Amino acid sequence: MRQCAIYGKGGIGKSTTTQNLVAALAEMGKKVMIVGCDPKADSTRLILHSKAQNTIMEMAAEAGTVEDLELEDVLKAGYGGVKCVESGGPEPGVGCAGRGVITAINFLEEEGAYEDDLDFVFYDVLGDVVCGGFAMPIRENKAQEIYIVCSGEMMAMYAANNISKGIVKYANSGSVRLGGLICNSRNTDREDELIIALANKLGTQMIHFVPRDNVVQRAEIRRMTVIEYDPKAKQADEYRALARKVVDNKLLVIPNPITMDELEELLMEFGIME
Amino acid sequence: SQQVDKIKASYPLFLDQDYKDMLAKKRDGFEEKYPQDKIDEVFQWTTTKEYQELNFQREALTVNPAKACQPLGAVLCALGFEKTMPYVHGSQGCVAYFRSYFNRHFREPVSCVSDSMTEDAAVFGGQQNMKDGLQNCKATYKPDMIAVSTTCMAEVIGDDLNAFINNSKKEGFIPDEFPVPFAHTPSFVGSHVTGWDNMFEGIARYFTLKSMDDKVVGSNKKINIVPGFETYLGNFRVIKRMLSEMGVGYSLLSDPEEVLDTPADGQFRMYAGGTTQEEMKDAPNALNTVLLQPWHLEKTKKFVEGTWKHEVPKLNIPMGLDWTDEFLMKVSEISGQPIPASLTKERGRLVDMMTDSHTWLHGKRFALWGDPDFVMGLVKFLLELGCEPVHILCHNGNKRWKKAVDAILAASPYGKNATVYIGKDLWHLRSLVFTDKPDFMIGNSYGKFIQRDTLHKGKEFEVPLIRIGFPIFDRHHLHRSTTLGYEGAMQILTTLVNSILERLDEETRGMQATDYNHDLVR
Amino acid sequence: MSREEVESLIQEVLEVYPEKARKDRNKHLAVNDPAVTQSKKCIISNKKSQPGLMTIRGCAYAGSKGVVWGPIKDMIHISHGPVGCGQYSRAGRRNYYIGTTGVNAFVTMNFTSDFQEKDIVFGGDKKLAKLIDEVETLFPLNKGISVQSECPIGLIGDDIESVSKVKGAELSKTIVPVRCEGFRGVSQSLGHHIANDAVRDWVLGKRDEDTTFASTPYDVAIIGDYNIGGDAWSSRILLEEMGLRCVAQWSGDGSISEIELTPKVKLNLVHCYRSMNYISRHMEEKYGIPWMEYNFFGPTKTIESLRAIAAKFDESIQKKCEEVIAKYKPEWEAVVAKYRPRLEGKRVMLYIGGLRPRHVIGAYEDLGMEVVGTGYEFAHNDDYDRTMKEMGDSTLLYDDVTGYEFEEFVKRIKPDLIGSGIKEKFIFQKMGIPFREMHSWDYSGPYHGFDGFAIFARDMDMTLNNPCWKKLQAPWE
Amino acid sequence: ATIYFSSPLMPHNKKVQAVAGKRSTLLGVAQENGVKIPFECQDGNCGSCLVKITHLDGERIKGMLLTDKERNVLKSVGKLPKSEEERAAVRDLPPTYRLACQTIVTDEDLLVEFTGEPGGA
Ligand SMILES: Nc1ncnc2c1ncn2[C@@H]1O[C@H](COP(=O)(O)OP(=O)(O)O)[C@@H](O)[C@H]1O
Ligand code: ICS
Ligand code: CLF
Ligand code: SF4
Ligand code: FES
Ligand SMILES: [Fe+3]
Ligand SMILES: [Mg+2]
């Protein structure tokens, strides 16, 4: 029944790595929940096999109000084990862009979609800015475990720092804890031990280092996960290993926010920036 | 205290001594009531003529109005169609009040629906309310057409009807072929009759505007009859009978008698009879079109003259002898059908009635009020009977109607002491009948209080009320009476002469005082 | 009985509605379970009516002017706006009173501002001021003026508060501006609340200095009794026979002086909790005046309320209450003995506005009838919690029932008597089912106390066992 | 009706008299009086006009209708506790949070607070 959340900079493979983690978790007899708070409703593309899942708020507005919304109309199980829900987001410049998460999660508890068959519930939240609905899962203690997606790019580290500050601010409110760091790999030198060092100074552990592989694009054309596409692919075994360390991860610590200058010092000492 | 054998209604239970004592104690203790002599003095002051002068100086206060808002007439006109529902795009209170009013008057079920908007539509419009109301009404009550009227608030907010209806029909809410005529019915303009006219014109424009290519006047050899705002089923019945006895093809339009009167046999019919849609679609093929009530049918007059190319005759409402004869003349000249002998016999019966009752009808003074054409018909009939109409009030009469009634009064020597009022209310009538006492008033139930006031001044100053018009609440099934035509003149004469004789009998009943005139034969 | 049949009935009734209307209406029909204390898990109340469903609810103007402010006799009420609103509400409600019309009482007369197109375009403040002046000149005797706003007043944005204050200061008269636009609220409940708030914010505050009144340890104020057909007078004589002193009556035969003197009352007896709970709560909070609910419908409820009422005073009041009970026992015993055998075992469904469905079950049950279905147009959840206990198991409960709905339930249930308003009396009378107007007592009454209980039993025997009900079908059909 | 507009963005709270019951809402009285509250929609769904309403005169509290759209938007921002919802549904009492474009001006003195941010932090 543990609740987890992917936090991180956009475009760092949050949706793809999350979805492959779901595909890995599905096969060993686990029923798992997936919801993405990303304003673009691409967090459930690979599992559901739909062109674009109709998000909660679109069909809530078309149906007049969220009261006239049915759970079955949004709770779609593309695969047998896993169901898929999309929170959605408003039009740009129309109110706060995170209230879709508010409505989605509130409706989810209202209809009790968290009952008697959940092993993991996993959210994909935009971590570029933590505010309003994006900062909400930290706030009401809905997501016990948070995992941060990062790369060697400096904005990924800064976003991870902002996540650390956010969880530190709301540590006393509940059991919201950082379960570890997962880092996707771009074709750049000296990356894995970097994120290992960020975890070391953060007081947290490094979960797994997922590389850049060709099979991912083929899966994108296919619109099925790598494990569903190519279970013998080395990347599929990599995702399976990542999933088994998520399940077998035990330590959940209160992070330590890191200033700008020390981050910059690590960045120059590794030479990622001059 | 209540005896089981003589169970007593509130009157006269509250006349018991203990109840009188408790009421006296309450009044003397906590009501702070003004002294009784002061109350009588103020009553006498209100009776006087200077109070009449103060009353006639009114421009911002209306006391006891004698008119209703347009959507009432809109609903009455809409109810005249077959398998049709009135839909008032406004607040539910309007529809509730219309339904209660018509239930009280006709004592028959009345169907009407609304979208029942709230602050939400007050700030953001009621297009969604239109959509849900239309689709819910169609899915639930299964009508063949929905006639859309509007309340005051929908007109103030500037809510347009055509655009919302088109959007509803476009977004799949209702079938695109479903007839949904509409009309703007602001409540701050005119009265209920104007609302009836607006609804009728809206329906006629919806049905007979886009298909005028193949319409030829006089093709079907038929006459169109528009009755207007009518609350007398007997008027519809006499119109139908008189036209049927004359062998003329007739097309009554917006006729509600079948739905306003249904037999009780164990089942309830929401829909009953009415003018079919084909009849309205075939209306322009008629030879002509007559209007029963011209003075509140001006917009539809313009429509029928400028679109259906019908030479509408200059006919007055068929009340009395002369105007009924003129109506028969016009119908005969249009249709080419001679007047049957039965109509002549009925007219001769009318002349016999007037000869028989002239000895009592002459010289009597009447103050009457109601709708403009009803009022003018009653005035004409009274003038043909040797009566003397003294106070004529029409709350919803314009200057041209006043000029016409002045002209008709100047045509008879019995209209010398007659004065016509427009824009006045029933308080002005109370002042007029107090200062210049007539013999009777002719009006709806709302005047019954005025009589009460007169009874306080004295029996010699009390003037009785005869109930003719709309609405009538304290009498049962009087809506069944007939007013137009020879039969209607018959009924009006009978009622008037019987009321006169009843008043005389009541006055001359004092024992050893006034019973010397209590004649057996009158 | 046959609870399963009831919910299958409501399922088979709700199918015709579209998905939105069906889903919304499914929350407003229920099967009564007397063990339920919080009705919020069984029935949903106080919601907007679905558009185009032939609803029965009124407007806030009806709930304020036609219900609360109207019965007061010594004040003049002005319908600010078009002509229809007051005209359809003129003397349509039988709030009885004592006085002279047009001189010192103005209940059954219509005062309206007579709005026209220019009034809408430019405004009605100056017209309202001139109207107030003309009211003062034509009617010197009246003690005060109330101005009931209608839909156009709120929609065009006139300042009736400012003109009320200015004219009241100028003429030294109490002017109560009340904002009861029909679109405000979903039913008459908001009209009741608005009238209560206006009463609180003007009349109650008008005099706080006065103490010239001589009080007594036995001052009781009637709250929420509108003297419909004389109900409040029967309740008042029953109270005074018990030894108390009734100072204020709200609002049937109600006077502005009684309204102002009400805060000097030892105990408040609220009859209609819904219409006047707000003022009772405000009084209890400010003046510390205890208030409680009493029922005067039927002998059993009357006796229970009288005993509970006497329980709040010394033993002399209790002795007088016992004396009154003993005095009035034989009358209602004889009424019951005469009418119960003709009335035993009959089933009745009810549909009235607020607190009347729950108030009169006792009178029905005393005569041997049982209630199989009931509901409200605008009652909130608290009234439902109050009324769930008073109804038997497996009975029907409905809120804001529609014409099609109510017709289908009456067709399936087939009761012997139905009590509801004028808007359903003739749609049900053509189905061969006896019907009683539960709002105006069908131009009869009163129904309160033992004297009104006699009227109630007589009228119900009269309507139910009538020969006309046996001749609806032709002999050759 | 007196309104007192207060915000960290405004150096001084602004007092101004308003007409109660106007069809224009508190959004209008905010626009005519040079007070800026973020507005981002014309259908009352964005919720960017969320404001804190305080009635200083507790005795003079006016009943009002909490429409379903305002209710649902208050749920969408999250500024609607269960108890406040039940109170508004039963006693017809206003909640502490409102939407500037959907709140009607009532004849009393009111204090309106905002942070200059859209509803939902
Ligand atoms: N293990 C991987 N190997 C190769 N490419 C990857 C891998 N993980 C993510 N990507 C790429 O990163 C991009 C980010 O995808 P997605 O997760 O949908 O967006 P976001 O990261 O903003 O949620 C994808 O286009 C995908 O091709
Ligand atoms: S005030 Fe209300 S509709 Fe409580 S508006 Fe209505 S004279 Fe009814 S059920 Mo007419 S909430 Fe009174 C009522 Fe009940 S007018 Fe009378 S009978 S006990
Ligand atoms: S909901 Fe209530 S009763 Fe209705 S209008 Fe509105 S305040 Fe009044 Fe009177 S005037 Fe006629 S009937 Fe209406 S349409 Fe304009
Ligand atoms: S809180 Fe965050 S998501 Fe909401 S409006 Fe502000 S910046 Fe945008
Ligand atoms: S302006 Fe968007 S909800 Fe008010
Ligand atoms: Fe009938
Ligand atoms: Mg993504």
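Brief remarks follow.
- Spatial offset of region D:87-112 relative to region B:451-522 amounts to 58 Å, using the alpha carbon center of each.
- Neighbouring partner chain Cβ atoms per residue of B:188-200, average, 10 Å criterion: 2
- Percentage of interatomic Cα-Cα distances in region B:171-217 larger than 11 Å: 73
- Shape summary of region C:69-177, radius of gyration then Dmax from alpha carbon positions: 13.6, 41 Å.
- Each peptide among C:286-295, B:135-144 gets the average number of other Cβ atoms lying within 10 Å of its residues, and from highest to lowest they stand as B:135-144, C:286-295.
- Cα gyration tensor shape of region C:367-427, rounded if a/c is under 1.5, else prolate or oblate by comparing a/b with b/c: oblate
- Region B:117-200, Rg to Rh (Cα coordinates; Rh as Kirkwood inverse mean 1/r): 0.97
- The alpha carbon radius of gyration of chain B, expressed as a multiple of 2.2 N^0.38 Å, is 1.09.
- Estimated translational D of chain A in µm²/s (Stokes, Kirkwood radius over Cα pairs; 10 °C; 1.306 mPa s): 84
- Prolate/oblate/rounded label for region C:139-235 (Cα gyration tensor, a/c 1.5): oblate
- Per-selection Kirkwood Rh - region B:364-469 (Cα, Å, 1 d.p.): 13.6
- Taking the convex hull of Cα positions in region B:43-147, its mean projected area over all directions (nm²): 10.2
- For chain C, the fraction of C-alpha pairs farther apart than 43 angstrom is 18 percent.
- Tensor-based shape of region B:412-479 (alpha-carbon gyration tensor, a/c under 1.5 rounded, otherwise prolate or oblate): oblate
- Here the ratio of the Cα radius of gyration of region C:250-404 to 2.2 N^0.38 Å is 1.20.
- Shielding by partners - mean other protein chain Cβ count within 10 Å, residues of C:122-132: 2
- Mean separation of Cα contacts under 8 Å, 6 or more apart, over the residue count of region B:143-281: relative contact order %: 20
- Among beta bridges that DSSP assigns inside the protein assembly as shown, antiparallel share in %, nearest 5: 15
- Rg ratio for chain D: its Cα radius of gyration over 2.2 N^0.38 Å, N being its residue count, equals 0.99.
- For region A:11-81, the fraction of C-alpha pairs farther apart than 20 angstrom is 34 percent.
- In Å, descending, principal axis extents of the Cα set of the protein assembly as shown: 131, 92, 69
- Highest-first arrangement of C:27-37, B:227-237, where packing means the average Cβ count within 10 Å: B:227-237, C:27-37
- For region B:215-319, average projected area of the Cα convex hull in nm²: 7.6
- Within region A:1-78, the GluC sites (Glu not before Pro) that combine a DSSP coil assignment with at most 15 other C-beta atoms in a 10 angstrom radius are A:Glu70.
- Take A:115-121, B:371-377, A:2-8, B:430-436 and order them by the average number of nearby Cβ atoms within 10 Å per residue, most first; the result is B:371-377, A:2-8, B:430-436, A:115-121.
- Cα long-axis angle, helix B:372-384 against chain B (0 to 90 degrees, to the nearest 10): 60
- Among the residues of A:92-102, the average count of other protein chain beta-carbon atoms within 10 Å of the residue beta-carbon is 6.
- Relative contact order (percent, whole number), chain A, Cα cutoff 8 Å, 6+ residue spacing: 23
- Debye intensity ratio in log₁₀ form over the Cα atoms of region B:69-214, taken at each q of 0.15, 0.21 Å⁻¹: -0.71, -1.42
- Chain B - mean residue ellipticity at 222 nm from DSSP helices (-39,500 (n - 2.57) per run, n ≥ 4, rounded to 500): -14000 deg cm²/dmol
- Neighbour cut-off at most 14 other Cβ (10 Å), DSSP loop, chymotrypsin sites (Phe, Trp or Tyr not before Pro), region B:28-109: none
- C-alpha long axis of helix B:36-47 to longest principal axis of chain B, angle in °: 60
- Cα-based convex hull, region C:203-317, per residue volume (Å³, whole number): 102
- For C:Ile194, net neighbour charge (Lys/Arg +1, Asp/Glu -1) across residues whose Cβ lies under 12 Å away: 0
Each value in this text was obtained by applying a stated rule to the coordinates, not by laboratory testing. Ideal geometry is used to build each Cβ from the backbone, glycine not excepted, and the neighbour counts take in all protein chains shown.
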